[PDB]
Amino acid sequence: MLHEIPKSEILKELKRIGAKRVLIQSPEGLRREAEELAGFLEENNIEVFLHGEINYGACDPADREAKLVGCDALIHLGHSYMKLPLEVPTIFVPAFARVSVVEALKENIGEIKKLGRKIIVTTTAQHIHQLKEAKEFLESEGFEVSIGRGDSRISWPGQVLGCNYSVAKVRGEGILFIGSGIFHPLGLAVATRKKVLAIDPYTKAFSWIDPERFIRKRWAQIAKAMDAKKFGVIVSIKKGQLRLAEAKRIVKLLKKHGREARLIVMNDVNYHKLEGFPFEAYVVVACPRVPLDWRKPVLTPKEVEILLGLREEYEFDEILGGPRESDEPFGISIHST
């Protein structure tokens, strides 16, 4: 259960810029809400088209598609803005979970103390609105809380993305991750080399991350690719995912070391679409969730470096941004150009 979408504030914003037709994109868990919002803005004299693709991040705005079908603006549900040039005015509408993080923290104080006195705290967008309460609670328990601002791919200090842990690159004896799943906590452990404790707000369960098994299974994938002679280097056209210079460099690099290499252009990166190609191994240079989370070895740019022996220590693939001036609001936002 999440907090309700700010229909009124949204409508007001569209009217402010004067918008007659808008495209609404939404993530898996907000399909029913996207239609409610559409039926609402329509009764208010605004033509609405729903984006039928399932959105997975602000790194993939449907501004191009909006343009193509004549929409004045774009409404992006469920995610906050990340620095990207946009072709049509876009209103981001973050989703905030109501579950209490503090309750999950109080249940696990003992485990958190094992982390250290000065600790780095991180969380995902859905709990970012409760980060301040979590910080004050931890401080009242004797911790010094270090929260990093992060870079331009990030919306709020302390927020991590599966492909970006810049807010965690600060000083601390250990890292506390507030949220569910193991992908974020795992990336944090690999990216920072510090001990990580993950606490799931819903179940209140805790997990001490051990990257070992993960790194092992990845090396096994690297080993298999060591025998390959033919590689496919994949990029995605999604605005916040396109890493062409980096892909072109991996191609040049595989060739230098006696491998055949081909740059492959896609939108959604699905191994399923590549089964008929002759490549023996693949390198995905886009969202790292793809290779890190395939009948043939699929790797990240970092792993291909390791495979070619040009890198020794295992590293998590990240999409970094440059410095960020301000922070996004804890509510909707409008962005243009």
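Numbers follow the displayed sequence, beginning with 1.
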Exercise. When you step from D293 to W294 in this entry, do you jump over none, 1 to 3, 4 to 9, or 10 or more residues of the deposited sequence that have no coordinates?
Worked result: 4 to 9
For this session: Give the stretch, out of 127-135 and 77-85, with the larger mean C-alpha temperature factor in the deposited entry.
Result: 77-85
Problem set entry | Of 210-218 and 144-152, the stretch whose C-alpha atoms average the higher B-factor in the entry | 210-218
Exercise. So among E53, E280, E43, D60, who wins on Cα B-factor in the entry?
Worked result: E43
Exercise. Taking the C-alpha B-factors as the PDB entry records them, is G309 in the lowest, middle or highest third of its chain?
Worked result: highest
Exercise. Taking the C-alpha B-factors as the PDB entry records them, is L299 in the lowest, middle or highest third of its chain?
Worked result: lowest
For this session: Sorting the chain's modelled residues by C-alpha B-factor, tell me whether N267 ends up in the lowest, middle or highest third.
Result: highest
Problem set entry | Position of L30 among the chain's modelled residues by C-alpha B-factor, lowest, middle or highest third | middle
For this session: Place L274 in the lowest, middle or highest third of its chain's C-alpha B-factors, as listed in the PDB entry.
Result: middle
